[PDB]
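Here is the structure we will look at, set down as structure tokens.
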Amino acid sequence: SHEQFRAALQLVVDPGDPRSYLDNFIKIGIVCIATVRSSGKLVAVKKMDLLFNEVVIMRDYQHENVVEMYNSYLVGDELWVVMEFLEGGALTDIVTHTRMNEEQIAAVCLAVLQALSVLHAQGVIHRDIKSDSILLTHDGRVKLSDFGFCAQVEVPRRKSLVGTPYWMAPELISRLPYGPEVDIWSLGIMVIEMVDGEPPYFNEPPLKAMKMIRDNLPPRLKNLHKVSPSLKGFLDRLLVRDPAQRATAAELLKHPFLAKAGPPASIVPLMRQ
């Protein structure tokens with residue numbers, strides 16, 4: 001915190017306020033929810049009073065798979081963010097108790113990939129890809145959340161120590177320069193999550209795990225006993241230790257595993273329980 005580091009802040013932010021059109025607020029828990037007098041839509045804000053990276057970077061972007069960040073303001077020492085609110089939860093409330101299928105799995109994967117595919121050419125990297133950063137509509141539509149760790153990359157390589165260890169890239173843990181390909185390794189660990197329910201080494205304290213991520217072969221499935229050879233095949237391309245022999249998002253859409261993705265509706269009954 002500092003009011004000079006908040007100097008390059010205010011500028012990149014709309015002025016005025018939201019409660020000129022928006023009004024019927026209510027603390028819900030996240031913070032608030034208002035209404036649009038023009039239509040009646042409600043929004044959910046997250047108030048406050050680096051992190052630089054969400055505001056500037058993603059204020060220039062919008063995808064149907066990314067919770068839309070509408071507008072940004074502050075009164076005094078307090079930032080107001082209008083945001084696309086959804087009721088439908090995170091994939092973590094699902095993976096942890098029941099066992100998904102390839103149709104549901106395939107749908108979370110390509111959904112996640114539809115985002116990455118444009119976020120990446122656009123020169124940005126999530127850096128915290130895991131089930132926990134995925135949100136769902138009540139209807140069963142799939143989106144990518146939580147860009148509290150992102151950054152904009154001449155400068156095509158990066159090396160900042162960030163994310164969540166059990167999902168991290170070896171090149172990233174190993175302090176070898178990486179690119180967006182890290183986001184690609186993370187998907188596979190989220191895949192292990194969808195099949196077995198947990199990320200590898202999750203029994204371990206994070207740091208030693210980061211060693212075991214560091215110097216063991218790519219992680220293998222404990223299930224497999226109910227695993228179509230196609231999920232292996234897809235899985236088998238994303239868990240590459242050599243960053244360069246690792247498959248690309250552009251490649252993965254063309255993958256036959258993805259013939260099995262289901263509609264939103266096909267996903268709905270997982271949250272229903």
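For region 1-129, what number results from the quotient of the Cα radius of gyration and 2.2 N^0.38 Å? Provide the component values of the computation, followed by the final result.
Working: Rg = 17.3 Å, N = 129, 2.2 N^0.38 = 13.9 Å.
Normalised Cα radius of gyration, region 1-129: 1.24.
So which of 222/260; 143/208; 46/159; 47/143; 41/143 end up more than 26 Å apart by C-alpha? Over 26 Å Cα-Cα: 143/208; 46/159. Compactness of the chain, taken as the C-alpha radius of gyration over 2.2 N^0.38 Å, stands at 1.07.
Given a Förster distance of 30 angstrom, what is the FRET efficiency for residue 4 paired with residue 157, based on the Cβ-Cβ distance and rounded to 0.05? Walk me through the numbers before you get to the answer.
On the way: r = 29 Å, r/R0 = 0.98.
The pair residue 4/residue 157 has a calculated efficiency of 0.55.
Restricting attention to region 173-245, which chymotrypsin sites (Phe, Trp or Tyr not before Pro) occupy a DSSP loop and are surrounded by at most 15 other Cβ atoms within 10 Å? When the chymotrypsin sites (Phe, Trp or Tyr not before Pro) of region 173-245 are filtered for loop state and at most 15 Cβ neighbours within 10 Å, 202 remain. Region 10-72 to region 85-160: how many Å between their Cα centroids? Here the answer is 20 Å between Cα centres. The fewest-to-most ranking of 183, 196 by surrounding Cβ atoms within 10 Å reads 196, 183. Per-peptide packing, taken as the mean over residues of other Cβ atoms within 10 Å, places 6-16, 245-255 in the sequence 245-255, 6-16 from highest down. Distances between placed amide hydrogens fall under 5 Å for residue 70 paired with 82, 83, 84, all partners being 5 or more residues away or on another chain.
A short reminder: the numbers here are calculations on the coordinates, not readings from a lab. FYI the Cβ positions are ideal-geometry reconstructions off the backbone, even for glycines, and counts take in every protein chain you see.
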